[PDB]
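Since the structure comes first, as structure tokens, the remarks are kept for the end.
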Amino acid sequence: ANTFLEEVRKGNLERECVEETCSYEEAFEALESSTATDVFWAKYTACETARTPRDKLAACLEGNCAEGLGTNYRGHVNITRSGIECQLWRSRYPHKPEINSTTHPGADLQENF
Amino acid sequence: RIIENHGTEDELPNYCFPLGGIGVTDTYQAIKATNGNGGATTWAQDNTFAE
Amino acid sequence: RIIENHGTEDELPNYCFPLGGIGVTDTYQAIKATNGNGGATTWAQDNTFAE
Amino acid sequence: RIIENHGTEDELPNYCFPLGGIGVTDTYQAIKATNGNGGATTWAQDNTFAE
Amino acid sequence: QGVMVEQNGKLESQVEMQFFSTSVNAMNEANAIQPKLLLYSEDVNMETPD
Amino acid sequence: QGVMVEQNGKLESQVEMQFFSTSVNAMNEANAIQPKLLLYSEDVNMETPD
Ligand SMILES: [Ca+2]
Ligand SMILES: [Ca+2]
Ligand SMILES: [Ca+2]
Ligand SMILES: [Ca+2]
Ligand SMILES: [Ca+2]
Ligand SMILES: [Ca+2]
Ligand SMILES: [Ca+2]
């Protein structure tokens, strides 16, 4: 990010994106593949609530927890609040999902997690 | 023994430079102008250049 | 023809410098006298400077 | 009054340098070779050197 | 300093215009396809004397 | 080089102090506000003879 002299050397994704404040650009420079890069972008938009501080973002990129409403949740829980097993997210069995993986893959909606 | 302090002689700057003479660099992408007829011109990505 | 070499003298270093003379920097914010009372005086955001 | 131009004698370029004498560096970690069990040589993080 | 070449019985130039934007934004949404750098290209009688 | 000013018939200074911290803050626990940088400020006579 800052200290533009740094904008010469090979930046680590951590060294340029986390503790500082990177946009998509320096991240991409570090990584060079829009797939995992926009996975990172989806996290970043989700980690909009996790911009500071460090840990707040290290855990947010870890993916082991839901940020309140769980827009960041990338775990694998298959039980509801009552333990009910979840349906297939991509398919509409048995109820039609209004917003699904075709609509918002940024939340990383898996099979039934 | 005696200091003939005429002072220095300089009126121009002197500059050192990067070994390539260009430090920073912003990646970029070739763009071709597709004719916007009846409106604003459209733009696409060239295939001749590297991306 | 004859190398009357008695070396040189460079005791004082000759640092060059950058244009603005002040490279790195770091946006900071001005904490006015937003003073608490009794204990360690508090601080808070000012509105008399650019952020 | 009269100019005896010759160019100059500048056949070796001159470089300036950083005060640390080294540009930038990348934290690294030590390792050691756990003896290859016949096949691939194994590599174990050392403890002698700092992280 | 562009090279002059003859066509139509006249000597003209071969300057071309090329356009560049940020592959830096290679990825994202449409509309935002705007150029920011213009380059003029040419050919010249490169020659080193000494 | 503080421009001395006469108040009450005595020559005194006009130097003040200004305090600075980082910029992000709500980002984390708010009141966490602390001073980090101190600048003394003042006034002088600026002349460029040559
Ligand atoms: Ca930086
Ligand atoms: Ca950077
Ligand atoms: Ca930095
Ligand atoms: Ca970089
Ligand atoms: Ca760069
Ligand atoms: Ca680190
Ligand atoms: Ca770039």
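Sequence lines, in order, name chains E, U, L, C, V and D. In this text, residue positions in the first sequence follow the deposited numbering: the first is 1, and each later residue adds one. In this text, residue positions in the second sequence follow the deposited numbering: the first is 405, and each later residue adds one. In this text, residue positions in the third sequence follow the deposited numbering: the first is 405, and each later residue adds one. In this text, residue positions in the fourth sequence follow the deposited numbering: the first is 405, and each later residue adds one. In this text, residue positions in the fifth sequence follow the deposited numbering: the first is 254, and each later residue adds one. In this text, residue positions in the sixth sequence follow the deposited numbering: the first is 254, and each later residue adds one. Note that beta-carbon positions come from the ideal geometry of N, C-alpha and C, so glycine has one too.
Along the stretch 3–24 of chain E, the positions whose C-beta sits under 7 Å from a C-beta of chain U are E7 and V8, read in chain order. Counted as a single uninterrupted DSSP element, the stretch harbouring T452 of chain U is not any alpha helix (DSSP H), since DSSP gives it neither H nor E. A Cβ-Cβ contact shorter than 8 Å links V268 of chain V with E295 of chain V. Short note on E413 of chain C: C-beta not closer than 7 Å to any heavy atom of ligand 3.
Within the chosen limit of 7 Å, ligand 7 does not reach the beta carbon of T37 of chain E with any heavy atom. Within the stretch 266–283 of chain V, those residues whose Cβ lies closer than 7 Å to any Cβ of chain E are, in chain order, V277 and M280. In this structure, DSSP gives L292 of chain D an extended state, which the three-state scheme calls strand.
At a cut-off of 8 Å between beta-carbon atoms, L290 of chain D makes contact with chain L. Interface flag for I426 of chain U against chain V is unset, since no Cβ pair is found closer than 8 Å. When secondary structure is reduced to three states using DSSP, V258 of chain D falls in the strand class. Under the 8 Å criterion on CB atoms, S91 of chain E is classed as non-interfacial with respect to chain V. Minimum Cα-Cα distance from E85 of chain E among the listed residues E:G75, E:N112, E:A107 and E:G63 corresponds to E:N112. In the DSSP assignment, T45 of chain E falls outside any beta strand (DSSP E) and lies within the alpha helix (DSSP H) extending over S34 to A46. Considering only E:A27, E:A50 and E:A42, the residue with the shortest C-alpha distance to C17 of chain E is E:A27. A residue is called buried when at least 16 other Cβ atoms come within 10 angstroms of its Cβ; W447 of chain L meets this threshold and is buried. Taking 7 Å as the cut-off, one finds at least one heavy atom of ligand 2 near enough to the beta carbon of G11 of chain E. Under the DSSP assignment, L13 of chain E falls outside any beta strand (DSSP E), being part of the alpha helix (DSSP H) whose first and last residues are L13 to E16. In the three-state reduction of the DSSP assignment, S274 of chain V falls in the strand class, which pools E and B.
For the options D:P288, D:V258 and D:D303, the alpha carbon positioned closest to that of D450 of chain L is the one of D:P288. Secondary structure note for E62 of chain E: it is in no beta strand (DSSP E), and the uninterrupted alpha helix (DSSP H) holding it is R54 to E62.
The beta-carbon separation of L13 of chain E and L31 of chain E, rounded to 6 Å, stays under the 8 Å limit for a contact. Distances from the CB of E29 of chain E to the heavy atoms of ligand 4 include at least one below 7 Å.
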